[PDB]
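# Descriptive structure summary
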Amino acid sequence: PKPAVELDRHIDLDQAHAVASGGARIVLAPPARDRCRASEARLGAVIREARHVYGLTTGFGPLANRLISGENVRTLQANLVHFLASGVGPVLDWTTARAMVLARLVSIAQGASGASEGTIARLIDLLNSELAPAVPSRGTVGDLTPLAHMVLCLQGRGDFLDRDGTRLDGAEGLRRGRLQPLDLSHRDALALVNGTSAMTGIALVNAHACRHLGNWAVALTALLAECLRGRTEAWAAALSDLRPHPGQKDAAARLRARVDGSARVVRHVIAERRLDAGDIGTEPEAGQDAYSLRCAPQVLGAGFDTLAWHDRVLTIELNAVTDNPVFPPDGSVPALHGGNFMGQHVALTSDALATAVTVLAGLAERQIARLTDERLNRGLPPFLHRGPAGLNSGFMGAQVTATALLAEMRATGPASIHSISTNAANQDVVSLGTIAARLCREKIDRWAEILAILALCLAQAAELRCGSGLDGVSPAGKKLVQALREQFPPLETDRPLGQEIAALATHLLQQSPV
Amino acid sequence: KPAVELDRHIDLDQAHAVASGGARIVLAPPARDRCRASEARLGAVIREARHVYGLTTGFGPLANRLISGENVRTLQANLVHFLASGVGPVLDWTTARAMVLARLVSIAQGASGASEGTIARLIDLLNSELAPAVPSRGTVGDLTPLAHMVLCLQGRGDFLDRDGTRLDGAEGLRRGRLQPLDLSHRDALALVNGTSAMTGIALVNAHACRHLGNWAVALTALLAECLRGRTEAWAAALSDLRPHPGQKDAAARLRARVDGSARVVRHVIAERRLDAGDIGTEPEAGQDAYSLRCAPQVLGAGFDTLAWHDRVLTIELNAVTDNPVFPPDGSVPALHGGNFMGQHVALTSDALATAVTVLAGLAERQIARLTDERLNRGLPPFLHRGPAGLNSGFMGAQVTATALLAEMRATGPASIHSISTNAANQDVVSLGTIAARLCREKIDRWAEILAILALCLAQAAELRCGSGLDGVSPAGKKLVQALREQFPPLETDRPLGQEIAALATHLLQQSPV
Amino acid sequence: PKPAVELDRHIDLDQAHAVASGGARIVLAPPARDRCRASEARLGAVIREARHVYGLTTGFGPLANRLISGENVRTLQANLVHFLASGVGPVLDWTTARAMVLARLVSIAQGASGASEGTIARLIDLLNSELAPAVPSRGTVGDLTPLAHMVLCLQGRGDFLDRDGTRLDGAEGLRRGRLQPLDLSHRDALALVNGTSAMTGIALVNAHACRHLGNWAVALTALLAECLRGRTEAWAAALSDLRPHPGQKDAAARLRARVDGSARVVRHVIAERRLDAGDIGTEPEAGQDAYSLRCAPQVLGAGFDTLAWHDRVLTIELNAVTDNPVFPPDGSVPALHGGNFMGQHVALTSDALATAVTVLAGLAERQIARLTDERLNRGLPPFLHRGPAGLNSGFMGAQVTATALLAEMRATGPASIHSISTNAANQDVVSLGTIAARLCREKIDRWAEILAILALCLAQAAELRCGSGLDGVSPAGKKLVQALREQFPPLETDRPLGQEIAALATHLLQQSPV
Ligand SMILES: O=C(O)/C=C/c1ccccc1
Ligand SMILES: O=C(O)/C=C/c1ccccc1
Ligand SMILES: O=C(O)/C=C/c1ccccc1
């Protein structure tokens, strides 16, 4: 009884990802079907009336001053798909390519693109099938190129990808997924090759992954506190109220919940202690933890607020019409020409999220560095090894790997600042939003690997500190370690961890600890 | 002079008004009462000898060294001393005062324990025409700059007059009619705490960005009047189809700027029905290049980034970023945490810096298009006057704008460079102050790029429409006439460096109205 | 009759790539064999005499303060390979992985590593086979991790790669390659897990690719001049002599040779012309070309000088011993402990080269932008299309793709500046050389794609300007276009170019236009 998302006007990010990931099927609501039929009729009229419209009676880009006779429009649009198919590089992953198709569909569903029923049906069919078009990730300045490749795929002139990433030729794809070859006879090619569908698709996948990684970041910080006698007073709600950033209040509340029931953290407020002359001297530990624990609400919180902004902007973009030209539903004018395809919004939010992800990955990396340092981990074995010290190095290698992954993340900055005048100066400013979204994705993948290493370290640390029975560990903490131990054995002796790290990271990106 | 009464909340405009000296500041009775209550709570915490950071402990990782009451004044005096290791150019007058204001707003919430005298010193500084002279570098995000502020307020550091001229501490206290700061109440941590510096810098960035954004819109509009731009791309209907608040706002403001103009193209091209005889190559395309057609989308994305930045900053400015803190409700004697972690300002400052660089890029490309004889539709190359060749007009200024932009691009986000420090106690740091400062530098470059565009447009408007500016919108005419009051037309090549600099200074503080 | 490289002490970059790419077999010269046999004996003596030596009588990293008894050394070194195998990410390509193996071998050949005959034989056998170890590209801060994975592969406990990148399991690899399983019973594991072999291997492949791409950059700049009536006086030897940078002098000489025999370039020195009163006015074109042509010697030259520096440093690194500890061949002391494994040299040169590659890619991108712009290409069709204008857009899509590739290159900066204290603060400074070399490689790949687009554009532009017969085109220019036309047909009508761009890019990275 696979869930179904009925698309009318608005779709939220979770619904969008459910469809893109194949978790839910999609259906076009009757009201939307009618709006599209109405827009299809407007396109037909615009064409019959020989209105001066980009892509219907003109060339493309700077060549738009070259008018085209009606008799040659099917050729014009066929060549459009052709000359735009210059993409190169690895193909977008299965879920992301599907998210791109969904983004184009949501835009069309608003009823201002003139797409024909058949065209809309082909997109819905793809989304309801187990396939995804195989489209190169590079080539656009922000998303005609990847969309042109999508068109070729839907016509059976390009490869398809199954859930595993294995490619099928065009014919096989249409066959296996029961897809009908795309037919652009209605001259509605610009309804498919238009907008910010690719960057939006990539960004929606980034948004979903960050939600899960954010949950792990919280869960692991909480478990870290249980392994290092962390002080919970730094996570007090009263502190959040004094500096009311939503993301911070949320992070602190979630951290408190994770360690609820723990007998391993320090819950005493230090100021409750009254000192006398005999207390004046040097104590073993300071009354507050290092920042990787004490400032977690503030660091994680800032990241959560960046994601919140990113998602607010993305929700608007996903449900908008980023086409050019557009055909006003009210019929005020035959069509409007502008630049709603300029993806500066997703470009700027992706760059911002990328920075936030790098910052949070840095936190996890430092948490690993502290947990594995015998001089800072308050009594735990160096690098959390088991067996004789020296002969065994435990997580010593994995710890450096986390640092290496972080260092690589830092080498890449915002994509948005690199606009270069192109297309014979017609596109004198470009968003590079697709690139921005892809760079953010890479950082998200690195962050998952760093968190994976931290998770494996914590599972081991929890047992070293509290015994295999995890005595004193919170219910949430126990469940997380027990779940990890179902697939990842304790490190009783040194062994290669690379494959386990990669395996766990893939899981972190798709599911939260609950 | 207007007065801003500070109770609990203050908006960014009120904050800048006080920081810039445009308005006096007064602490509302309710705020004074809350602060007196907090002062009393600190007194009790001290009398009770509660274990509290900075009152009974050393600092940083040295907090494990407990301190006896008789030594606390020395302890807090040393705190200010060892933290005063800042270097680099001092913060400008307005920004330094904004930092003072930020600390005051935090204290006014009533959880810092600041004494009436300490609060009075901050208010006095803000009501005077002076600013403390504080080095800009040294903090990983803001004890160092605040420590320097304290030294200045005690007359042990320099002050800055509105012009930036420095005065020694003693002279500063006398000229500003300020009394030396006295921390005998052991309330030093009420002054050396939080995110005051980055917040002060960021609020000045916010104000400057609002003005530059107004200029970016006004100059884009005037560009359209000089290049026969098509207004249909700025139609509200398009905004409604892609409802980003910033984009809708940008488009509306653009339309308003060109209202009444006879120099722009208002025809919707799809209205035209083509005949077989029209098929061929026409003189111009039916749509403009992106620097005009996509202005709503580019400026809009920038405006939405600034809106996010401002929402976050408003919360930070009105929050208590202190540590430790003394709960007004008396639930516990004090709370220890990390509200001083400036990650929020760090991330928003970096995000804004990117948006600023993007928008400066748009302005830079608009100059490049306007001054190009192959692209400016009939205007002289580089908008020169007099004999061509003999005169190059704005040819130099155009390259200078490109140079300014290229420089902006060389600097990226500051937040990603966290480095474990303070003997690993501060294993993660925000670098928020650095982030806000880097954003300020890009903002200054953007102002210079816009200044160049404005001078180019004033010349272009006259070359296209004559000195009378025939067909130019009322807003466009008013803008050019205003500029012409201080900046003469370029009838023959002349040095523009000083004019560009002077105009940029203006753009940062005032909008085209 | 497959060539053979006899390794004694020194090997140049060309010989190294010849072996790494499988173009030549490798053999150890008699003196090298003897130096290695002697070093092997020295390691035996060190063990026999129970000398305090890292990895032989101590734990690893900060754990080196834990001394180890002789009977546990086999286990110690076995665990070393284990805990270090935490690598993740896509495996290094066939040639690069083998280049890494070669790098370790050359270091060992200096006779200060103590590697046994068998160990050396395993490396040689690998290089003389058609296989490469499958090693993850990420994990090192600069190269124990990737080398540990190498060891596992050589023992038949890790995958292998054939020339096509198809993976084989350990067993299949040893079988298909007719290889013997690596046996570290002599306790010479540190002879394999040591040094800067990975970054050096990666960098030597970057060096080879940049030489070819550099040749294409020159050839295409020259052809561009023949398509736009470029002035050769800007490339005069006299100018080079006035600003004697080696790279510039060479670039200018190579550019002149490429257009030798051309009737399509302007060779007249403008200053020879004497002007009269009737000449004063506005001429159609300026007396000098735009920078993308006029400043080619200077821009290409600076890039070539950067590559020259990179190669000088790399040559030293490749032929050096970057191991720790080391066993002095002169027998002065049993062993020396230091940090010759710190890859700061490769890190800084890789970062410098990466910057130069981005700059040169920028030149190529602007050359494409100028050539396709009807307002700047002096009479050529917009975007070099054929067929009716507007209906056909030619390379309009490819041109934007080139811009997108360049913008993405610019988003990534130097890797070296991101050092982070790790390994419980033992490694308080790290080089990140491997990452730097990898980032440089990605940029080289992007540069090749951009050059490929420019090459396709120039082939079309040359025929459009000079006819299919290429009348007036230099002999070198004709040969290049004709060579390209053998595999890439003219663009008579718009068609997808993505796959062709990628195919040509692969070719440009391995062969120069000759
Ligand atoms: O001016 C436009 O709206 C179209 C630009 C463009 C650029 C490259 C390929 C196709 C269209
Ligand atoms: O841990 C804290 O709250 C204090 C840190 C610190 C570090 C350097 C100087 C002053 C305070
Ligand atoms: O001090 C050294 O030379 C060794 C460091 C090290 C760090 C991580 C893994 C293995 C060795």
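Residues numbered from 1 in each chain as written, not as in the entry; some residues may be left out. Chains lettered and ligands numbered in written order. Part of a larger assembly, values for the part shown. Heavy atoms only, no water.

Method of determination for the deposited model, per the PDB record: X-ray crystallography, at 1.90 Å resolution.

Per the PDB entry, chain A is named Putative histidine ammonia-lyase, and its organism is Rhodobacter sphaeroides. Under Catalytic activity, UniProt gives the following word-for-word description of chain A: "L-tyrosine = (E)-4-coumarate + NH4(+)". UniProt, in its Subunit section for chain A, records the words "Homotetramer." (UniProt positions renumbered as here; feature names shortened; annotations may be inferred.)

In the nomenclature of the PDB entry, chain B corresponds to Putative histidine ammonia-lyase from the organism Rhodobacter sphaeroides.

To continue, consider the overall build of chain B. Across its full length, chain B holds 17 helices and seven strands. Dimensions of chain B along its principal axes, counting C-alpha atoms only, are 95 × 45 × 45 Å. Per-residue burial for chain B yields a buried fraction of 63% across its 513 residues. Here chain B displays about 18,100 Å² of accessible surface, and carbon together with sulfur accounts for 52% of that area. When the 51 basic and 51 acidic side-chain charges of chain B are each reduced to a single mean position, those positions are 1 Å apart. (Helix = DSSP H or I, 4+ residues; strand = E, 2+ residues; numbered from the N terminus. Buried < 20%, exposed > 50% of the residue type's maximum accessible area, 1.4 Å probe, protein only. Areas by Shrake-Rupley, 256 points an atom, 1.4 Å probe, with all protein chains shown as cover. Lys, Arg positive; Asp, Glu negative; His and termini not counted. Charge placed at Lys NZ, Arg CZ, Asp CG, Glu CD.)

What follows deals with the site of ligand 1. In the vicinity of ligand 1, 13 residues are found, and the nearest of them are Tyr54(A), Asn423(A), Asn426(A), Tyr290(B) and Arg293(B). Lying at an intersection of chains, ligand 1 is approached by residues of chains A, B and C. Note that an oxygen atom of ligand 1 is positioned 2.8 Å from one of the side-chain N or O atoms of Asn426(A). At the level of elements, α3 (73–84) of chain A, α11 (290–293) of chain B together with α14 (396–410) of chain C are the ones that each hand at least two residues to the shell around ligand 1. Classifying every residue of the shell around ligand 1 by side-chain character gives eight nonpolar, four polar and one charged. Inspection of the shell around ligand 1 shows a minimum of three residues originating in each of domain 1 (1–195) and domain 2 (196–514) of chain A. (Near = heavy atom within 4 Å. Polar contact = N/O pair within 3.5 Å; in protein donor to acceptor, adjacent residues only side chain to side chain. Nonpolar A, V, L, I, M, F, W, Y, C, P; charged D, E, K, R; others polar. Domains from an automatic or database assignment.)

With that settled, consider helix α1 (residues 12–19) of chain B. Residue and element names in this part refer to chain B. Along α1, the residues that are buried comprise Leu12, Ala15, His16, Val18 and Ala19. In a view along the axis of α1, the buried residues occupy a sector of 160°, so they form one face of it. Tucked into the core, α1 has its buried residues touching β1 (3–6), β2 (24–27), α4 (93–107), α5 (116–127), α8 (196–226) and α12 (295–317). In this structure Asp11 caps α1, since a side-chain oxygen of it lies 2.9 Å from the backbone nitrogen of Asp13. Positive backbone phi, at 85°, marks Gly21, one or two positions downstream of α1. (Arc of directions from axis to C-beta. Contact = heavy atoms within 4.5 Å.)

Let us now look at the interface of chain B and chain A. Note: interface size is frequently given as the accessible area lost on complex formation between the parts. At the interface, 102 residues of chain B touch 101 residues of chain A. Of the roughly 9,000 Å² buried between chain B and chain A, counting both surfaces, carbon and sulfur atoms make up 61%. Contact with chain A buries surface across chain B, with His51(B), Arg242(B) and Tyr290(B) losing the most and accounting together for 8% of the total. Taking the shortest distance from any N to any O, the salt bridge between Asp427(B) and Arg370(A) comes out at 3.1 Å. There are 50 residue pairs in polar contact connecting chain B and chain A. Class assignment for the residues of the side of chain B that touches chain A results in 47 nonpolar, 34 polar and 21 charged. (Buried area = accessible area lost by both parts, 1.4 Å probe. Salt bridge = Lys/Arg side-chain N within 4 Å of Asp/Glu carboxyl O.)

Next up on the list: the environment of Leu483(B). Residue and element names in this part refer to chain B. Its place among the elements puts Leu483 in helix α16 (residues 474–484). Here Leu483 falls in the buried class, since its relative accessible area comes to 5%. The spatial distance from the C-alpha of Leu483 to the C-alpha of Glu171 is 39 Å, given a sequence separation of 312 residues. Each residue touching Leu483, except ones within four places of it in the same chain, is listed here: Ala454, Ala458 and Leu503.

Next up on the list: the sheet that holds strand β6 (residues 160–161) of chain A. All names here are of chain A. If you trace the three strands from one edge of the open sheet to the other, you get β4-β6-β7, paired in antiparallel fashion. The two strands at the open ends of the sheet, each matched to only one other strand, are β4 (132–133) and β7 (167–168). Pairing between β6 and β7: two bridges, direction antiparallel. In the sheet register, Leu161 faces β7, and the bridge partner there is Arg167. (Pairing = 2+ DSSP bridges.)

Right, let's talk about the interface of chain B and chain C for a bit. The interface of chain B with chain C comprises four residues on the first partner and four residues on the second. Around 320 Å² of area is buried between chain B and chain C when both sides are counted, 54% of it from carbon and sulfur atoms. By the criterion of area lost to chain C, the three top residues of chain B are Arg374(B), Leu375(B) and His417(B), representing 76% of everything that side buries. Along the contact surface separating chain B from chain C lie zero salt bridges. At the boundary of chain B with chain C, the tally comes to zero residue pairs in polar contact. Residue composition of the side of chain B that touches chain C, grouped by class: one nonpolar, one polar and two charged.

For ligand 3, the full set of nearby residues is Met396(A), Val400(A), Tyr54(C), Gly61(C), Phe83(C), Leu84(C), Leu144(C), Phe341(C), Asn423(C), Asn426(C) and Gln427(C). Around ligand 3, the neighbouring residues derive from chains A and C rather than from a single chain. Between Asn426(C) and ligand 3, the recorded distance is 2.9 Å, taken from a side-chain N or O atom to an oxygen atom. Burial of ligand 3 by the protein amounts to 85% of the accessible area it has alone, namely 320 Å². The set of elements that each furnish at least two residues to the shell around ligand 3 consists of α14 (396–410) of chain A together with α3 (73–84) of chain C. For the shell around ligand 3, the per-class residue count stands at seven nonpolar, four polar and no charged. The residues that make up the shell around ligand 3 include at least three from each of domain 1 (1–195) and domain 2 (196–514) of chain C.

On to the sheet that holds strand β4 (residues 132–133) of chain C, then. Residue and element names in this part refer to chain C. Reading across the sheet, the three strands line up as β4-β6-β7 and stay open at both edges, with antiparallel pairing between neighbours. The open sheet has two edge strands, β4 and β7 (167–168), and neither has a second partner. Relative to strand β6 (residues 160–161), β4 runs antiparallel, the two sharing two bridges. When the bridges of β6 are listed, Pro133 appears paired with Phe160.

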